[PDB]
Amino acid sequence: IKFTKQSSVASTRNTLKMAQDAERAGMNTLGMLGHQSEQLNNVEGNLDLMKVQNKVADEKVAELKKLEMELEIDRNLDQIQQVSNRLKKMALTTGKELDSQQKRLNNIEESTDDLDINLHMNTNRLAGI
Amino acid sequence: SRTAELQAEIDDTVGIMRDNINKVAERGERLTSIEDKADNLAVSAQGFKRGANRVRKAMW
Amino acid sequence: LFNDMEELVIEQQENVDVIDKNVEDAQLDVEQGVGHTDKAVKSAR
Amino acid sequence: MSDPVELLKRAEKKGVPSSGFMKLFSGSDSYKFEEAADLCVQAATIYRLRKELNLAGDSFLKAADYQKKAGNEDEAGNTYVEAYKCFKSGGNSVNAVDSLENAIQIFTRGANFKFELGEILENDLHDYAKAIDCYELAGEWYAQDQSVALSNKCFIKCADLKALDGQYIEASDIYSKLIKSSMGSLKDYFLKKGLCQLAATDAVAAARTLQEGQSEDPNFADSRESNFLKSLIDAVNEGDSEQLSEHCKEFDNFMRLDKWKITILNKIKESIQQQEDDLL
Amino acid sequence: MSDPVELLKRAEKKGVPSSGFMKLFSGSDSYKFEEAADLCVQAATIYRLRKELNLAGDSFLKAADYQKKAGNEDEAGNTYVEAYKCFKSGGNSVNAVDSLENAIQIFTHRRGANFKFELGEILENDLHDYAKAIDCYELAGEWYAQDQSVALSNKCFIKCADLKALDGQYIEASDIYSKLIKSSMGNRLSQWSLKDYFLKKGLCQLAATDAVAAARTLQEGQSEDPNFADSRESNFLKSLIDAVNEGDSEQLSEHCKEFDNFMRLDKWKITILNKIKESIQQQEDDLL
Amino acid sequence: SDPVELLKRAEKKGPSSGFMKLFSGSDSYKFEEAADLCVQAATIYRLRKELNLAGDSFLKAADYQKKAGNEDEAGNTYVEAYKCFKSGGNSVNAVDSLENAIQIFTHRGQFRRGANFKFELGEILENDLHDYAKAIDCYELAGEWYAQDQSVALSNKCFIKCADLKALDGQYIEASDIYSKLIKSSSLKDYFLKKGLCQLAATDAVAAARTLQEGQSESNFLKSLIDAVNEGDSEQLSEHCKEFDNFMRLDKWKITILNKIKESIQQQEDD
């Protein structure tokens, strides 16, 4: 009887351990995802400012060209349950944030290509003046 | 019944995390593409700056 | 799975860094260029 | 490949401003400084190829200086960031700090680099005061950019370093700001706040922090962190350092105390033992 | 659409340098090379539209050569990268290698590292030139360490160390794993790779019959990283060291099976473990 | 403010000769003016919700910008004309709009954006016009461009839309090969199952068993089908399909292919 109960004491301590490892990993994932979200914020912002500046450059260039054991199992399960519920929250959380950032990256990237093209256009026009 | 519920929760969270692995892989793809295009944008910006300055010196 | 949620986001941190630097650099040279064309236009007239 | 030393010598020769009668016939010296900067950049690239990173950083610093003289401050900031890359790659943290300071001054992206400067000051040079300053100012710039997350990482670092440096009240205030910015890490912020308030022998403020966290955040109410902070407050009020140590071991057994918490808890225990001794 | 063959013929005709008496009356040949490169690029684009990828790559190589002759090295590197894209996508790995080598030589003269890593990938997977792939990964990771992309340096060095260990250079792979450990210490973000790095360092050392160094590596890992101390990897490495010291290959096989059941042994580990087993069995045969 | 009048003037203005060429500035400027006039009329139409007229105005615009020598802007205006024509249910001219936009995007080296719209084009060929033989071509060329861009996900999506549709057109083995390439360069269950079903629809059961076995490195229903087919029994299959319909409702594709397999059994019973 006793050997098995020791075996499950081992199983549940190790379970609580690696669950905590999942927990800490998931939070620091979310931390850097916020960090990188805000980084993509400024990427968008400079793209916006450059869009305005390329409008100005377009017009200027155009004008230029013109010009005991049971209890411990129970407690370990308690705490594993707590962590597991909370980790579920963390998984749903990461999925949502990745989704939002994915649309943001797509828009950022299209804007970058457009700005790049406009800059080659203006540079080529300026070369002929 | 508690252990089974905990298991169901863990399996669901595994599913969500596998989805996340797929999403972060797509994100890493996208970020590599964006870094390439941002390098392109930077180079084009230096080029446009220099061309405009040369147009000034040609005119003046 | 979480461990891959940690390592891959690290691999992507770098991409974010280089992107931000290159993009704002491009913005400053676009500003310099727009000013260059503004002074181009003033004396072209 | 060109010899980078010769390139630097030509950059030096071109970088001399036009003096005297010559100034009346030479055009703007800006072009000369641009060309000297380009030569220095070529020398820096060649040094980077040879893995002579400190020399490459020095060449980038010279190029950035010439760019500043040319009126191309933005090129100078970019080149200072490149000199920084060369120096912090070469293990010359001091010149890396200098390069970030010049780049940040030009940029004021500043925040990003001000945070990296704080990191160097903390880990490589152990100038914790300036690292605290760097994190605080970076976090403020982020808060101005409505960047809650980047502001938060800066204020976490600032509060941690302040608390380790004995500035418990200021660290508790920064934890209060983190709490206010995160409402709606939060459990951890409540714990740390109380801990600083216990290191300042301000037990009642810790009790208020506990009550606040219990009332405002249900997740903290039922958390191990809240129970642990309560138990610590009870021990501090009772003047029993051994009970505090027992609570620390229990919390360690279930949730590993990192180095920071250990250090704060040791100081709190030390305070308790001091009033015990002072009463004998 | 213009005939790309005719465009290449015109590019060839224009790309002739001015020789003799004509050189006194002709301006810089740079402009002729630029125009020839433009014609080559147009031919390459037309080939790419036709899915004749290898011909597009060849046209881009010609364009990059003319760009080099024109003094526009940066454009030449870009065009070598395009030639590369055409070659990799056409299944012509050799010309892709050549294109990356020219492009890297130009860029080096952060991005060079990127293309050097890609070159290492081609050498490993398509051409199976493991030695030059090792060289590419080493140099790329070195450049990334000189650029403080710690993670790219780590990815290049894990590739380099894995290839070195598979190639019998166990000591050098162990040294690279020491560097990886030293670069991964104290980061909450590399702790899992840290357990793997300790395990692979120990396995490489055991493949070198230096059980002493394996025991020291395990002790270091147990002392420096609590997560490794209690990990399955640390216990497994203990067990392998113990089997090696006992000269009991069957015990090592049992340990490998036990570790496999809980944590799948990837191919690299299987190879190195089999090498360790063979070293044990050889010592048994020699003792008898 | 009358869009009719805007288009009248856009016709009158959009190549000068004689004294007019001499006195007045460059021709491309006039073509740009006519382009802008048609854009203004098109926006008035879009606001007033005459989408077909808005898209025709954008077509006139697009032709005018490319007559000015603005290929990119022309492509953009063609996409805009497509937005109008698509939102207005006029599929034919919407397909035309994309073919011009793509034509530009392609000749202009913008393959990634080409692909994005190549796929959208294929979607309207498949869903609305039902010209599958050309939707397969679009789904194929778009995925090949995505392959060049190293954006595996989108390339895969394209080749799945290709393979599914080729399995419907009856190119069963080609579909199974596309599916194999979709397994190597990678949901992985469905690729195996679809491959086996297509291969069984070609009356090639040996390969079908092989390809499940390869899938040990859904799959059980495929055995149950390989057995129902290997013993000329279109009641075992018809029952296994009925049973699998409970824990995973069959989509249209599977129903079609499975009916083809059932028929390939019955024809073999009466031979």
# chains A, B, ... in the order shown; residues from 1 in each chain; ligands from 1
call {"tool": "interface_residues", "arguments": {"of": "chain F", "to": "chain A", "cutoff": "12 Å", "atoms": "only C-alpha atoms", "output": "VMD selection string"}}
result
chain F and resid 24 to 26 28 to 29 69 to 73 76 108 to 110 112 to 113 116
call {"tool": "interface_residues", "arguments": {"of": "chain A", "to": "chain E", "cutoff": "10 Å", "atoms": "only C-alpha atoms", "output": "mmCIF file with N, CA, C and O atoms, in the first residue's frame"}}
result
data_model
loop_
_atom_site.group_PDB
_atom_site.id
_atom_site.type_symbol
_atom_site.label_atom_id
_atom_site.label_comp_id
_atom_site.auth_asym_id
_atom_site.auth_seq_id
_atom_site.Cartn_x
_atom_site.Cartn_y
_atom_site.Cartn_z
ATOM 1 N N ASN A 14 6.698 16.527 -8.140
ATOM 2 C CA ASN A 14 7.315 16.877 -9.412
ATOM 3 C C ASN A 14 6.324 17.628 -10.290
ATOM 4 O O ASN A 14 6.705 18.524 -11.059
ATOM 5 N N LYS A 17 6.211 21.151 -9.212
ATOM 6 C CA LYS A 17 7.449 21.788 -9.649
ATOM 7 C C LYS A 17 7.359 22.239 -11.106
ATOM 8 O O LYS A 17 7.488 23.434 -11.415
ATOM 9 N N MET A 18 7.172 21.292 -12.029
ATOM 10 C CA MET A 18 7.208 21.702 -13.429
ATOM 11 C C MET A 18 6.014 22.582 -13.786
ATOM 12 O O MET A 18 6.102 23.363 -14.739
ATOM 13 N N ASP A 21 7.264 25.885 -13.129
ATOM 14 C CA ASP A 21 8.173 26.234 -14.216
ATOM 15 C C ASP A 21 7.409 26.749 -15.437
ATOM 16 O O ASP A 21 7.789 27.757 -16.054
ATOM 17 N N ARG A 24 6.216 30.419 -14.531
ATOM 18 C CA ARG A 24 7.203 31.485 -14.618
ATOM 19 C C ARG A 24 7.572 31.746 -16.079
ATOM 20 O O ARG A 24 7.708 32.910 -16.501
ATOM 21 N N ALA A 25 7.682 30.678 -16.884
ATOM 22 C CA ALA A 25 7.989 30.861 -18.299
ATOM 23 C C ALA A 25 6.886 31.647 -19.000
ATOM 24 O O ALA A 25 7.164 32.561 -19.787
ATOM 25 N N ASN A 28 7.054 35.388 -18.195
ATOM 26 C CA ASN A 28 8.075 36.234 -18.807
ATOM 27 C C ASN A 28 7.893 36.302 -20.323
ATOM 28 O O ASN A 28 8.224 37.327 -20.945
ATOM 29 N N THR A 29 7.275 35.270 -20.912
ATOM 30 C CA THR A 29 6.720 35.389 -22.258
ATOM 31 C C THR A 29 5.815 36.610 -22.376
ATOM 32 O O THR A 29 5.995 37.443 -23.273
#
call {"tool": "closest_residue", "arguments": {"among": "C:18, C:1, C:28, C:44", "to": "chain D", "atoms": "only C-alpha atoms"}}
result
C:28
call {"tool": "closest_residue", "arguments": {"among": "B:30, B:2, B:23, B:49", "to": "chain C", "atoms": "only C-alpha atoms"}}
result
B:49
call {"tool": "interface_residues", "arguments": {"of": "chain D", "to": "chain A", "cutoff": "8 Å", "atoms": "only C-alpha atoms", "output": "short mmCIF file (atom, residue, chain, number, x, y, z; two decimals) with N, CA and C atoms, in the first residue's frame"}}
result
data_model
loop_
_atom_site.label_atom_id
_atom_site.label_comp_id
_atom_site.auth_asym_id
_atom_site.auth_seq_id
_atom_site.Cartn_x
_atom_site.Cartn_y
_atom_site.Cartn_z
N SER D 147 3.07 54.07 -23.19
CA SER D 147 3.67 52.73 -23.22
C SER D 147 3.65 52.17 -21.80
N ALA D 149 3.67 49.01 -20.77
CA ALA D 149 4.53 47.86 -20.52
C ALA D 149 5.99 48.28 -20.34
N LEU D 150 6.49 49.13 -21.24
CA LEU D 150 7.89 49.52 -21.15
C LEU D 150 8.13 50.39 -19.92
#
call {"tool": "closest_residue", "arguments": {"among": "C:2, C:29, C:8, C:20", "to": "residue B:14", "atoms": "only C-alpha atoms"}}
result
C:2
call {"tool": "interface_residues", "arguments": {"of": "chain D", "to": "chain E", "cutoff": "7 Å", "atoms": "only C-alpha atoms", "output": "VMD selection string"}}
result
chain D and resid 49 85 to 86 89
call {"tool": "write_last_selection", "arguments": {"atoms": "N, CA, C and O atoms", "output": "short mmCIF file (atom, residue, chain, number, x, y, z; two decimals), in the first residue's frame"}}
result
data_model
loop_
_atom_site.label_atom_id
_atom_site.label_comp_id
_atom_site.auth_asym_id
_atom_site.auth_seq_id
_atom_site.Cartn_x
_atom_site.Cartn_y
_atom_site.Cartn_z
N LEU D 49 35.63 43.88 -39.08
CA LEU D 49 35.97 42.64 -39.77
C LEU D 49 37.07 41.89 -39.05
O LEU D 49 37.02 40.66 -38.93
N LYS D 85 27.70 49.38 -30.15
CA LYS D 85 27.70 47.96 -30.44
C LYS D 85 29.12 47.41 -30.41
O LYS D 85 29.39 46.40 -29.76
N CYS D 86 30.05 48.14 -31.02
CA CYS D 86 31.44 47.69 -31.03
C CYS D 86 32.02 47.60 -29.61
O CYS D 86 32.71 46.62 -29.28
N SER D 89 30.33 44.93 -27.40
CA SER D 89 30.80 43.64 -27.89
C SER D 89 32.24 43.38 -27.46
O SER D 89 32.61 42.24 -27.16
#
call {"tool": "residues_around", "arguments": {"residues": "residue B:13", "least_positions_apart": "6", "cutoff": "9 Å", "atoms": "only C-alpha atoms", "output": "ChimeraX atom specification"}}
result
/A:84-85,87-92
call {"tool": "residues_around", "arguments": {"residues": "residue A:98", "least_positions_apart": "2", "cutoff": "8 Å", "atoms": "only C-alpha atoms", "output": "list in words"}}
result
residues 94, 95, 96, 100, 101 and 102 of chain A; 20, 23, 24 and 27 of chain B
call {"tool": "interface_residues", "arguments": {"of": "chain B", "to": "chain F", "cutoff": "10 Å", "atoms": "only C-alpha atoms", "output": "number ranges by chain"}}
result
B: 22, 25-26, 29-30, 33
call {"tool": "write_last_selection", "arguments": {"atoms": "N, CA, C and O atoms", "output": "PDB file, in the first residue's frame"}}
result
ATOM      1  N   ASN B  22       1.953  27.467 -32.896  1.00  0.00           N
ATOM      2  CA  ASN B  22       1.713  27.758 -34.305  1.00  0.00           C
ATOM      3  C   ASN B  22       1.642  29.262 -34.578  1.00  0.00           C
ATOM      4  O   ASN B  22       2.246  29.764 -35.543  1.00  0.00           O
ATOM      5  N   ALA B  25       5.085  30.851 -34.371  1.00  0.00           N
ATOM      6  CA  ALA B  25       5.879  30.528 -35.550  1.00  0.00           C
ATOM      7  C   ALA B  25       5.514  31.453 -36.703  1.00  0.00           C
ATOM      8  O   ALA B  25       6.395  31.993 -37.393  1.00  0.00           O
ATOM      9  N   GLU B  26       4.212  31.665 -36.908  1.00  0.00           N
ATOM     10  CA  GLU B  26       3.783  32.616 -37.928  1.00  0.00           C
ATOM     11  C   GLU B  26       4.322  34.014 -37.634  1.00  0.00           C
ATOM     12  O   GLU B  26       4.760  34.734 -38.542  1.00  0.00           O
ATOM     13  N   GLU B  29       8.088  34.216 -38.556  1.00  0.00           N
ATOM     14  CA  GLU B  29       8.114  34.417 -40.002  1.00  0.00           C
ATOM     15  C   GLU B  29       7.877  35.880 -40.343  1.00  0.00           C
ATOM     16  O   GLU B  29       8.634  36.503 -41.113  1.00  0.00           O
ATOM     17  N   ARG B  30       6.837  36.454 -39.743  1.00  0.00           N
ATOM     18  CA  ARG B  30       6.424  37.784 -40.151  1.00  0.00           C
ATOM     19  C   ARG B  30       7.473  38.807 -39.743  1.00  0.00           C
ATOM     20  O   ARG B  30       7.764  39.748 -40.488  1.00  0.00           O
ATOM     21  N   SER B  33      10.443  38.800 -42.118  1.00  0.00           N
ATOM     22  CA  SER B  33      10.113  39.562 -43.318  1.00  0.00           C
ATOM     23  C   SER B  33      10.149  41.063 -43.038  1.00  0.00           C
ATOM     24  O   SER B  33      10.653  41.852 -43.854  1.00  0.00           O
TER      25      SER B  33
END
call {"tool": "closest_residue", "arguments": {"among": "D:107, D:19, D:31, D:62", "to": "chain C", "atoms": "only C-alpha atoms"}}
result
D:107
call {"tool": "atom_distance", "arguments": {"atom1": "atom CA of residue B:9", "atom2": "atom CA of residue B:21"}}
result
18.3 Å
call {"tool": "closest_atom_pairs", "arguments": {"of": "chain F", "to": "chain E", "cutoff": "9 Å", "atoms": "only C-alpha atoms", "output": "CSV"}}
result
residue,atom,partner,partner_atom,distance
F:106,CA,E:49,CA,8.0
F:107,CA,E:49,CA,8.0
F:109,CA,E:45,CA,7.9
F:147,CA,E:89,CA,8.7
F:148,CA,E:89,CA,7.0
call {"tool": "closest_atom_pairs", "arguments": {"of": "chain C", "to": "chain D", "cutoff": "12 Å", "atoms": "only C-alpha atoms", "output": "JSON lines"}}
result
{"residue": "C:16", "atom": "CA", "partner": "D:112", "partner_atom": "CA", "distance": 11.9}
{"residue": "C:17", "atom": "CA", "partner": "D:112", "partner_atom": "CA", "distance": 9.3}
{"residue": "C:18", "atom": "CA", "partner": "D:109", "partner_atom": "CA", "distance": 11.8}
{"residue": "C:19", "atom": "CA", "partner": "D:109", "partner_atom": "CA", "distance": 11.9}
{"residue": "C:20", "atom": "CA", "partner": "D:109", "partner_atom": "CA", "distance": 8.2}
{"residue": "C:21", "atom": "CA", "partner": "D:109", "partner_atom": "CA", "distance": 7.7}
{"residue": "C:22", "atom": "CA", "partner": "D:78", "partner_atom": "CA", "distance": 9.7}
{"residue": "C:23", "atom": "CA", "partner": "D:109", "partner_atom": "CA", "distance": 10.7}
{"residue": "C:24", "atom": "CA", "partner": "D:109", "partner_atom": "CA", "distance": 8.0}
{"residue": "C:25", "atom": "CA", "partner": "D:78", "partner_atom": "CA", "distance": 7.5}
{"residue": "C:26", "atom": "CA", "partner": "D:74", "partner_atom": "CA", "distance": 10.3}
{"residue": "C:27", "atom": "CA", "partner": "D:74", "partner_atom": "CA", "distance": 10.2}
{"residue": "C:28", "atom": "CA", "partner": "D:74", "partner_atom": "CA", "distance": 6.7}
{"residue": "C:29", "atom": "CA", "partner": "D:74", "partner_atom": "CA", "distance": 7.9}
{"residue": "C:30", "atom": "CA", "partner": "D:74", "partner_atom": "CA", "distance": 11.1}
{"residue": "C:31", "atom": "CA", "partner": "D:74", "partner_atom": "CA", "distance": 10.1}
{"residue": "C:32", "atom": "CA", "partner": "D:72", "partner_atom": "CA", "distance": 8.7}
{"residue": "C:33", "atom": "CA", "partner": "D:72", "partner_atom": "CA", "distance": 11.7}
call {"tool": "closest_atom_pairs", "arguments": {"of": "chain A", "to": "chain C", "cutoff": "7 Å", "atoms": "only C-alpha atoms", "output": "CSV"}}
result
residue,atom,partner,partner_atom,distance
A:22,CA,C:2,CA,5.6
A:25,CA,C:6,CA,5.9
A:26,CA,C:2,CA,5.8
A:29,CA,C:6,CA,5.1
A:36,CA,C:16,CA,6.5
A:39,CA,C:20,CA,6.5
A:43,CA,C:20,CA,5.6
A:46,CA,C:24,CA,6.0
A:50,CA,C:27,CA,5.7
A:53,CA,C:34,CA,6.5
A:56,CA,C:34,CA,6.9
A:57,CA,C:34,CA,5.4
A:60,CA,C:37,CA,6.0
A:61,CA,C:37,CA,6.9
A:64,CA,C:41,CA,6.1
A:67,CA,C:44,CA,6.5
call {"tool": "write_last_selection", "arguments": {"atoms": "C-alpha atoms", "output": "PDB file, in the first residue's frame"}}
result
ATOM      1  CA  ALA A  22       5.446  26.572 -16.847  1.00  0.00           C
ATOM      2  CA  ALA A  25       7.989  30.861 -18.299  1.00  0.00           C
ATOM      3  CA  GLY A  26       4.512  31.978 -19.356  1.00  0.00           C
ATOM      4  CA  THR A  29       6.720  35.389 -22.258  1.00  0.00           C
ATOM      5  CA  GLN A  36       7.523  44.030 -28.205  1.00  0.00           C
ATOM      6  CA  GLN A  39       8.095  48.401 -29.884  1.00  0.00           C
ATOM      7  CA  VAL A  43       7.306  51.177 -35.636  1.00  0.00           C
ATOM      8  CA  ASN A  46       7.408  56.402 -37.474  1.00  0.00           C
ATOM      9  CA  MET A  50       7.112  59.057 -42.812  1.00  0.00           C
ATOM     10  CA  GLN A  53       6.768  63.278 -44.935  1.00  0.00           C
ATOM     11  CA  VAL A  56       5.411  66.477 -48.538  1.00  0.00           C
ATOM     12  CA  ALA A  57       8.332  65.056 -50.531  1.00  0.00           C
ATOM     13  CA  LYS A  60       8.207  69.166 -53.384  1.00  0.00           C
ATOM     14  CA  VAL A  61       9.689  66.763 -55.955  1.00  0.00           C
ATOM     15  CA  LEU A  64      11.142  70.736 -58.470  1.00  0.00           C
ATOM     16  CA  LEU A  67      10.924  74.159 -62.220  1.00  0.00           C
TER      17      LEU A  67
END
call {"tool": "interface_residues", "arguments": {"of": "chain B", "to": "chain A", "cutoff": "7 Å", "atoms": "only C-alpha atoms", "output": "tab-separated table (two decimals) with C-alpha atoms, in the first residue's frame"}}
result
chain	number	residue	atom	x	y	z
B	6	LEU	CA	-7.90	19.24	-13.36
B	9	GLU	CA	-8.22	21.84	-17.74
B	10	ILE	CA	-4.61	20.83	-18.38
B	13	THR	CA	-4.40	24.48	-21.81
B	16	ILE	CA	-4.28	26.45	-26.39
B	17	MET	CA	-0.49	26.37	-26.02
B	20	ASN	CA	0.15	29.47	-29.53
B	23	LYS	CA	0.88	31.45	-33.89
B	27	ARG	CA	4.83	35.71	-35.98
B	34	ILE	CA	9.61	42.90	-41.55
B	37	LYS	CA	11.86	45.29	-45.38
B	38	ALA	CA	12.92	47.67	-42.59
B	40	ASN	CA	15.30	48.11	-47.22
B	41	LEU	CA	13.38	51.14	-45.93
B	44	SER	CA	16.07	53.86	-49.29
B	45	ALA	CA	15.85	56.65	-46.72
B	47	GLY	CA	19.47	57.23	-50.58
B	48	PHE	CA	16.58	59.69	-50.77
B	51	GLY	CA	19.73	62.49	-53.63
B	52	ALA	CA	17.81	65.50	-52.31
B	55	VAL	CA	19.78	68.22	-56.03
call {"tool": "residues_around", "arguments": {"residues": "residue E:78", "least_positions_apart": "3", "cutoff": "12 Å", "atoms": "only C-alpha atoms", "output": "VMD selection string"}}
result
(chain B and resid 36 39 to 40 43) or (chain E and resid 41 60 to 61 63 to 65 67 to 68 72 to 75 81 to 85 99 to 100 102 to 107 111 to 112 115)
call {"tool": "closest_residue", "arguments": {"among": "E:266, E:254, E:35, E:58", "to": "residue E:240", "atoms": "only C-alpha atoms"}}
result
E:254
